[PDB]
Amino acid sequence: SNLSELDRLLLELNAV
Amino acid sequence: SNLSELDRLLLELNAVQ
Amino acid sequence: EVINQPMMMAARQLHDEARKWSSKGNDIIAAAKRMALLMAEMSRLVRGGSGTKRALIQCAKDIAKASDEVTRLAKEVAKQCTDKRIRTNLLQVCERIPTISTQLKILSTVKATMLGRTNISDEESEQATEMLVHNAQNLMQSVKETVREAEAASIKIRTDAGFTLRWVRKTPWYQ
Amino acid sequence: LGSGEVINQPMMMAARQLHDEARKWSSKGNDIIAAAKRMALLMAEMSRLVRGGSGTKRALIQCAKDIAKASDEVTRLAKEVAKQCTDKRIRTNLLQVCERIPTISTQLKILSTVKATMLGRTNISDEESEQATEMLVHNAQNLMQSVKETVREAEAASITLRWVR
Amino acid sequence: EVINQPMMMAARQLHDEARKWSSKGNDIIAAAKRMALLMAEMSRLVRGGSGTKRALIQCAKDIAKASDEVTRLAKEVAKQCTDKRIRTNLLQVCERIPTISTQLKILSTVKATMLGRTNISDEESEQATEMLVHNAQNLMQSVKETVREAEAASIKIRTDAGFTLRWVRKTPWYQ
Amino acid sequence: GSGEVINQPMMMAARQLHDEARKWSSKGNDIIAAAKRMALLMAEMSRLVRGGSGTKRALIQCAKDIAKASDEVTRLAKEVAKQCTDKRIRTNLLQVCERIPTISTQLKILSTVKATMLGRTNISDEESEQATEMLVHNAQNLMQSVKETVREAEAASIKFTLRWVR
Amino acid sequence: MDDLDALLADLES
Amino acid sequence: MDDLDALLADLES
């Protein structure tokens, strides 16, 4: 579904 | 007062640069 | 001002997916923002008006140039992904895009020539719109999922990465 | 679900088309790029102004005049570039594009006046209004394309100017 | 979360007066937006917390840096302004800013040191907070009016101009 | 209202470092690269220390990342000090950058603590607050120690070389 | 009713 | 949803 602030931060943290 | 779009345009336009 | 609602709605849904991310070091997001804007523009152009014919053709062209951008980039990220499921699903979604935008241009030139003309009937005119909106929706939706998959793809990269996009949230004004 | 702005879209698109082309290059030592950017913005304004409002009639006139001044600059500069070029094709194609600009610019102004006159005016027919916008948009688009292609032809002639990203 | 409302409202007001303008070729607008962001932070720091003493002081210093910037840039544009009234009203409002930010730093160092201590009374704690808000509201109001007067002074610049800011609106996503 | 549920002081510290490194180009400058990654990592920390689904484990990760990046900054700053021929500058550089490994190691340790007691009932407010306090303090000392290493690096990069183009 | 307001009113009347 | 959600769920459970 649509991403939340946390969802995006984790992505951001996990994306190389 | 606070500016509208048309306000800010006339400012932009007239603003010497 | 009257605009085509579905096209604007679809334009907004792509934008929402892209707007929270930075365009720096990410041409997929950069192009995903360009395409949202272009779709919003097209939502106004389909309503007829002065200078519409030309602008609606040149718009679809600009949506095609942006489509190719997205597609090519999404293949390079897919190339670098170590997860096969993510790699397959990304390719499946993005490889449909070129076809869709090619159809979008064809139907745009159709609708462009129909504007102004009287001999064109209502049904013919209305149907030409509904074909254009259908494809537009499919383009935006395809591009939308292609971004999502590309985000997923960017997690499961090989450490010997040839190509890579930058995934960083934009800073709020009140941060 | 909202339009967002009250603008003529074709005219805005033309503005952005030229902006996209001009944006690439630096202006530090390239007045055609600087002039192009100015005209791009000027055009972006026109697209709002032609829809009317308090102060638009006059600003549509002033906006047009500015566009025509920048038109002169582009033309004058383009000609100087054509002089140095030592290619039969590129030099010829440049002059074919950049010489059209003075004409288009003058017609723009003329039609810019016509529209400015008939904004907020009841004694003007729908027909006459529509056609006046139509003529105006057609020259607006032509101008942006002419200038855009004049920018491109200059760098193709560039062997002076600065063409750095 | 429970922040200080008056300071967030000030931060938010100043942000509205700058946000629609571009920061490219306009260090006044950039300074404004930076200051608005900093007051947003201060609004959260004042209620106290882990690392707030140090953060609050540093925050105050930062606002004082951006202040001296808006001041000096305002004195330049005023130097080129041919209209004396506008040149007078901008000089008045802008030359006020250095004194306020200095008092802000003082009061912020005060509040910072009160945060954590038990030897402070509620009267003295609340009053120190009120003082800080008072100076904050004024600073943000001053800068806000310094911005507008710069926009007014930009119209009345001498043709043989030494210094000139850029005033261009920000393009929205749907343009 | 608030805008973000974060620890504002740690966001500040992050932004302070980001303002320093943003001035310079990373291209020929791994210090700057590391620094920019550290600011972003420390910014993400300022959200993770609040908590929510997935945070405990991300806070461990994020801390490890900060430690990795910290070591890079230290190693690079040492090489710069070797080349420098000015007594004061080469000393003052070494008096800053050699703190970073320590401050980092403490940051990991405290991050693990605060990660363990997120979403957990058997933890006092005093203990919870004091954990957050030691964390923020180390996190602020890290950003400051790095920020001054970046500054001392260039002041020493009068001339391994680095690139300091704006 | 500041200098900016005054100048905008002049440009719109 | 698709693969992006599946990865976010993984990281939050």
# chains A, B, ... in the order shown; residues from 1 in each chain; ligands from 1
$ closest_atom_pairs --of "chain C" --to "chain F" --cutoff "9 Å" --atoms "only C-alpha atoms" --output "CSV"
residue,atom,partner,partner_atom,distance
C:168,CA,F:40,CA,8.8
C:172,CA,F:3,CA,8.4
C:174,CA,F:3,CA,6.9
C:175,CA,F:4,CA,7.4
$ calpha_fit_and_write --fixed "chain G" --moving "chain H" --output "PDB file with N, CA, C and O atoms, in the first residue's frame"
ATOM      1  N   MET H   1       0.414  45.273   5.013  1.00  0.00           N
ATOM      2  CA  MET H   1       0.047  46.376   4.081  1.00  0.00           C
ATOM      3  C   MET H   1       1.319  47.147   3.714  1.00  0.00           C
ATOM      4  O   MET H   1       2.177  46.616   3.006  1.00  0.00           O
ATOM      5  N   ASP H   2       1.440  48.388   4.209  1.00  0.00           N
ATOM      6  CA  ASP H   2       2.634  49.203   4.051  1.00  0.00           C
ATOM      7  C   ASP H   2       2.958  49.304   2.561  1.00  0.00           C
ATOM      8  O   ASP H   2       2.047  49.395   1.744  1.00  0.00           O
ATOM      9  N   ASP H   3       4.249  49.279   2.215  1.00  0.00           N
ATOM     10  CA  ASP H   3       4.700  49.644   0.883  1.00  0.00           C
ATOM     11  C   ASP H   3       4.327  48.571  -0.140  1.00  0.00           C
ATOM     12  O   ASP H   3       4.169  48.871  -1.321  1.00  0.00           O
ATOM     13  N   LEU H   4       4.192  47.321   0.309  1.00  0.00           N
ATOM     14  CA  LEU H   4       3.968  46.212  -0.603  1.00  0.00           C
ATOM     15  C   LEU H   4       2.556  46.296  -1.172  1.00  0.00           C
ATOM     16  O   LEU H   4       2.355  46.021  -2.352  1.00  0.00           O
ATOM     17  N   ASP H   5       1.588  46.664  -0.324  1.00  0.00           N
ATOM     18  CA  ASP H   5       0.212  46.823  -0.766  1.00  0.00           C
ATOM     19  C   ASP H   5       0.131  47.986  -1.751  1.00  0.00           C
ATOM     20  O   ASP H   5      -0.485  47.859  -2.811  1.00  0.00           O
ATOM     21  N   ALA H   6       0.772  49.109  -1.392  1.00  0.00           N
ATOM     22  CA  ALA H   6       0.736  50.316  -2.204  1.00  0.00           C
ATOM     23  C   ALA H   6       1.225  50.033  -3.627  1.00  0.00           C
ATOM     24  O   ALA H   6       0.743  50.656  -4.571  1.00  0.00           O
ATOM     25  N   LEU H   7       2.187  49.110  -3.773  1.00  0.00           N
ATOM     26  CA  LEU H   7       2.735  48.775  -5.081  1.00  0.00           C
ATOM     27  C   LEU H   7       1.781  47.847  -5.834  1.00  0.00           C
ATOM     28  O   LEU H   7       1.681  47.925  -7.056  1.00  0.00           O
ATOM     29  N   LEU H   8       1.075  46.974  -5.108  1.00  0.00           N
ATOM     30  CA  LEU H   8       0.117  46.068  -5.724  1.00  0.00           C
ATOM     31  C   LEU H   8      -1.125  46.829  -6.184  1.00  0.00           C
ATOM     32  O   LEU H   8      -1.688  46.500  -7.228  1.00  0.00           O
ATOM     33  N   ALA H   9      -1.559  47.821  -5.400  1.00  0.00           N
ATOM     34  CA  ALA H   9      -2.686  48.657  -5.784  1.00  0.00           C
ATOM     35  C   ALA H   9      -2.345  49.434  -7.054  1.00  0.00           C
ATOM     36  O   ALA H   9      -3.160  49.509  -7.972  1.00  0.00           O
ATOM     37  N   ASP H  10      -1.113  49.954  -7.111  1.00  0.00           N
ATOM     38  CA  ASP H  10      -0.625  50.721  -8.246  1.00  0.00           C
ATOM     39  C   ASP H  10      -0.705  49.888  -9.524  1.00  0.00           C
ATOM     40  O   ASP H  10      -1.032  50.416 -10.585  1.00  0.00           O
ATOM     41  N   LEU H  11      -0.411  48.585  -9.414  1.00  0.00           N
ATOM     42  CA  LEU H  11      -0.311  47.707 -10.571  1.00  0.00           C
ATOM     43  C   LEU H  11      -1.682  47.158 -10.965  1.00  0.00           C
ATOM     44  O   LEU H  11      -1.798  46.463 -11.973  1.00  0.00           O
ATOM     45  N   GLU H  12      -2.710  47.453 -10.160  1.00  0.00           N
ATOM     46  CA  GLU H  12      -4.044  46.921 -10.389  1.00  0.00           C
ATOM     47  C   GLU H  12      -5.068  48.055 -10.445  1.00  0.00           C
ATOM     48  O   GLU H  12      -6.260  47.815 -10.248  1.00  0.00           O
ATOM     49  N   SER H  13      -4.591  49.280 -10.717  1.00  0.00           N
ATOM     50  CA  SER H  13      -5.447  50.454 -10.833  1.00  0.00           C
ATOM     51  C   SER H  13      -4.673  51.613 -11.483  1.00  0.00           C
ATOM     52  O   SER H  13      -4.112  51.399 -12.581  1.00  0.00           O
TER      53      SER H  13
END
$ residues_around --residues "stretch 127-143 of chain F" --least-positions-apart "2" --cutoff "6 Å" --atoms "only C-alpha atoms" --output "PyMOL selection string"
(chain E and resi 50-51) or (chain F and resi 13+17+103+107+110+124-125+145-147)
$ closest_residue --among "C:20, C:158, C:15, C:79" --to "residue A:9" --atoms "only C-alpha atoms"
C:20
$ atom_distance --atom1 "atom CA of residue F:70" --atom2 "atom CA of residue F:90"
19.4 Å
$ interface_residues --of "chain A" --to "chain C" --cutoff "8 Å" --atoms "only C-alpha atoms" --output "ChimeraX atom specification"
/A:2,8-9,11-12,14-16
$ write_last_selection --atoms "C-alpha atoms" --output "mmCIF file, in the first residue's frame"
data_model
loop_
_atom_site.group_PDB
_atom_site.id
_atom_site.type_symbol
_atom_site.label_atom_id
_atom_site.label_comp_id
_atom_site.auth_asym_id
_atom_site.auth_seq_id
_atom_site.Cartn_x
_atom_site.Cartn_y
_atom_site.Cartn_z
ATOM 1 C CA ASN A 2 0.951 3.687 0.287
ATOM 2 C CA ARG A 8 10.371 5.370 3.590
ATOM 3 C CA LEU A 9 13.146 5.740 6.196
ATOM 4 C CA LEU A 11 13.825 1.839 2.500
ATOM 5 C CA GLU A 12 16.245 4.772 2.681
ATOM 6 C CA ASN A 14 18.272 -0.379 3.424
ATOM 7 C CA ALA A 15 18.814 0.894 -0.136
ATOM 8 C CA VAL A 16 22.517 0.681 -1.014
#
$ decode --residues "chain B" --atoms "N, CA and C atoms" --output "PDB file, in the first residue's frame"
ATOM      1  N   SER B   1      -1.604  43.007   2.619  1.00  0.00           N
ATOM      2  CA  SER B   1      -2.108  41.652   2.974  1.00  0.00           C
ATOM      3  C   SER B   1      -1.235  40.587   2.311  1.00  0.00           C
ATOM      4  N   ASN B   2      -1.628  39.314   2.458  1.00  0.00           N
ATOM      5  CA  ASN B   2      -0.949  38.202   1.809  1.00  0.00           C
ATOM      6  C   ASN B   2      -1.203  38.253   0.305  1.00  0.00           C
ATOM      7  N   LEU B   3      -0.222  37.763  -0.463  1.00  0.00           N
ATOM      8  CA  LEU B   3      -0.206  37.912  -1.907  1.00  0.00           C
ATOM      9  C   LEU B   3      -0.917  36.740  -2.583  1.00  0.00           C
ATOM     10  N   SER B   4      -1.649  37.049  -3.661  1.00  0.00           N
ATOM     11  CA  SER B   4      -2.224  36.044  -4.544  1.00  0.00           C
ATOM     12  C   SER B   4      -1.204  35.626  -5.605  1.00  0.00           C
ATOM     13  N   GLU B   5      -1.614  34.699  -6.479  1.00  0.00           N
ATOM     14  CA  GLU B   5      -0.809  34.315  -7.632  1.00  0.00           C
ATOM     15  C   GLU B   5      -0.631  35.494  -8.590  1.00  0.00           C
ATOM     16  N   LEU B   6      -1.712  36.231  -8.864  1.00  0.00           N
ATOM     17  CA  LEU B   6      -1.651  37.324  -9.823  1.00  0.00           C
ATOM     18  C   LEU B   6      -0.775  38.445  -9.258  1.00  0.00           C
ATOM     19  N   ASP B   7      -0.866  38.676  -7.938  1.00  0.00           N
ATOM     20  CA  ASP B   7       0.014  39.610  -7.258  1.00  0.00           C
ATOM     21  C   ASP B   7       1.464  39.233  -7.554  1.00  0.00           C
ATOM     22  N   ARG B   8       1.841  38.015  -7.145  1.00  0.00           N
ATOM     23  CA  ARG B   8       3.228  37.572  -7.190  1.00  0.00           C
ATOM     24  C   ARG B   8       3.779  37.609  -8.616  1.00  0.00           C
ATOM     25  N   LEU B   9       2.903  37.413  -9.618  1.00  0.00           N
ATOM     26  CA  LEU B   9       3.278  37.481 -11.028  1.00  0.00           C
ATOM     27  C   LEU B   9       3.687  38.906 -11.403  1.00  0.00           C
ATOM     28  N   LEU B  10       2.845  39.885 -11.064  1.00  0.00           N
ATOM     29  CA  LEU B  10       3.121  41.279 -11.381  1.00  0.00           C
ATOM     30  C   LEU B  10       4.405  41.740 -10.688  1.00  0.00           C
ATOM     31  N   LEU B  11       4.686  41.186  -9.496  1.00  0.00           N
ATOM     32  CA  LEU B  11       5.949  41.427  -8.818  1.00  0.00           C
ATOM     33  C   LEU B  11       7.110  40.852  -9.613  1.00  0.00           C
ATOM     34  N   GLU B  12       7.016  39.554  -9.913  1.00  0.00           N
ATOM     35  CA  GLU B  12       8.006  38.870 -10.729  1.00  0.00           C
ATOM     36  C   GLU B  12       8.278  39.666 -12.009  1.00  0.00           C
ATOM     37  N   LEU B  13       7.207  40.007 -12.730  1.00  0.00           N
ATOM     38  CA  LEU B  13       7.320  40.678 -14.018  1.00  0.00           C
ATOM     39  C   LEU B  13       8.082  41.993 -13.859  1.00  0.00           C
ATOM     40  N   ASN B  14       7.615  42.835 -12.924  1.00  0.00           N
ATOM     41  CA  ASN B  14       8.149  44.177 -12.736  1.00  0.00           C
ATOM     42  C   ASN B  14       9.543  44.148 -12.110  1.00  0.00           C
ATOM     43  N   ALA B  15       9.839  43.101 -11.325  1.00  0.00           N
ATOM     44  CA  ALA B  15      11.094  43.017 -10.592  1.00  0.00           C
ATOM     45  C   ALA B  15      12.270  43.144 -11.556  1.00  0.00           C
ATOM     46  N   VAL B  16      13.105  44.174 -11.350  1.00  0.00           N
ATOM     47  CA  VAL B  16      14.278  44.381 -12.187  1.00  0.00           C
ATOM     48  C   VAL B  16      15.288  43.307 -11.787  1.00  0.00           C
ATOM     49  N   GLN B  17      15.957  42.727 -12.788  1.00  0.00           N
ATOM     50  CA  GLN B  17      16.954  41.694 -12.564  1.00  0.00           C
ATOM     51  C   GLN B  17      18.156  41.940 -13.488  1.00  0.00           C
TER      52      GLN B  17
END
